[PDB]
Every structure is written in C-alpha cells, then in structure tokens.
Amino acid sequence: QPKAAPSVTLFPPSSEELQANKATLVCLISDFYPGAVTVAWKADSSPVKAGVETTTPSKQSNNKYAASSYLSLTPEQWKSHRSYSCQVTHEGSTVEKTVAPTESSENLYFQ
C-alpha cells in the first residue's frame, strides 16, 4: 500500500489515576509511515520532560505499521501544565494539539 499520514489520538487516564499519584498519557499512531517515525512529547508549546522509551513499530493486519508513545510522569503535571502534544516524524512535518483534564465548568462532580 501507499504512504499514509499518522492520526492524533490522546487518551489520558482518569481521576482514579491522579488520586493515586500516578498518570501516564499515551498517543495512538495508526496508518502512518512504513514503520518510520519518531517518539517525542511536549506540553502545549513548551517541551516536556520527555521520559518516553518506546521501540520500533510493527506491521498489522491492515498491511501497514503502527506506533505509540507513552510518557510516564507525575499526575500533578497534567493539571499543572497547559496542554499535551505528541510529536511524530511523518511527511517531514510535526503535529500539535491542545489537551486538558477537565472539559466542563457548568457542571462538575459532587460529594
């Protein structure tokens, strides 16, 4: 098959994690370069600790390859930071997005 561009998918942990003094975010990468990519993480616009350690991707039933990066860091950084971003080597270009823990103010959690 031809060349495909990687998608942006950020699925952070839940409150249960933050309460456990733990929280690791991971970005899913499907339908991308032929097993050729890079693992990089950064908060919004500013760079992040970058405590990731992933290995080369692999081929799937989609006749293509896929990768994924996971940054293990303190939970406080999640809310403390402004947003998260996943840098990947594709088409000689990098993607950026803004993420957040909360997504509602009109209504919050109760006792």
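Per the PDB record, this model was obtained through solution NMR.

Chemist: So what's going on with the sheet that holds strand 7 (residues 85-87)? Which residues, and what values?
Modeler: The strand order across the open sheet built from three strands is 4-3-7, with neighbouring strands paired in antiparallel fashion. The strands lining the two open edges of the sheet, one partner per strand, are strand 4 (46-47) and strand 7. Looking at chain direction, strand 3 (residues 40-43) and strand 4 are connected through two bridges and run antiparallel. What sits directly across from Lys-42, in strand 4, is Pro-47.

Chemist: How would you summarise the state of the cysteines if you had to cite specific residues and measurements?
Modeler: In this structure the tally under the stated criterion is one disulfide. Paired through a disulfide, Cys-27 and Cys-86 show a sulfur-sulfur distance of 2.1 Å. Placement of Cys-27 in strand 2 (residues 23-29) and of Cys-86 in strand 7 is noted, with a sequence separation of 59 residues between them. Judged on exposure class, the residue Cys-27 and its partner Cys-86 are both buried.

Chemist: Can you explain the side chain of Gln-87? Please cite residues and give values.
Modeler: Structurally, the position occupied by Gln-87 is in strand 7. Taking the relative accessible area as the measure of exposure, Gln-87 reaches 16% and is therefore buried. Not counting the four nearest positions on each side in its chain, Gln-87 is found in contact with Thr-38, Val-39, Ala-40, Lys-42, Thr-94 and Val-95.

Chemist: Just give me the short version of the UniProt feature "domain: Ig-like" in the protein, but keep the residues and values in it.
Modeler: In this numbering, the UniProt entry assigns the feature "domain: Ig-like" to residues 6-100. Structurally, residues 6-100 is divided into 11% helix and 31% strand, and its ends, taken at the C-alpha atoms, are 21 Å apart.

Chemist: Describe the sheet that holds strand 6 (residues 65-73), and please don't skip the residues or the numbers.
Modeler: In any sheet, the strands associate via hydrogen bonds between backbone groups, in a parallel or an antiparallel arrangement. Read from one edge of the open sheet, four strands run 1-2-6-5, paired in antiparallel fashion. Each having just a single partner strand, strand 1 (9-10) and strand 5 (58-59) make up the two edges of the open sheet. One ladder, built from seven bridges, connects strand 2 with strand 6; its direction is antiparallel. The residue of strand 6 that forms the bridge with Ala-23 is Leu-73.

Here is what the cut-offs are and how they apply
- Residues numbered from 1 in each chain as written, not as in the entry; some residues may be left out.
- Heavy atoms only, no water.
- Pairing = 2+ DSSP bridges.
- Helix = DSSP H or I, 4+ residues; strand = E, 2+ residues; numbered from the N terminus.
- Disulfide = S-S within 2.5 Å.
- Buried < 20%, exposed > 50% of the residue type's maximum accessible area, 1.4 Å probe, protein only.
- Contact = heavy atoms within 4.5 Å.
- UniProt positions renumbered as here; feature names shortened; annotations may be inferred.

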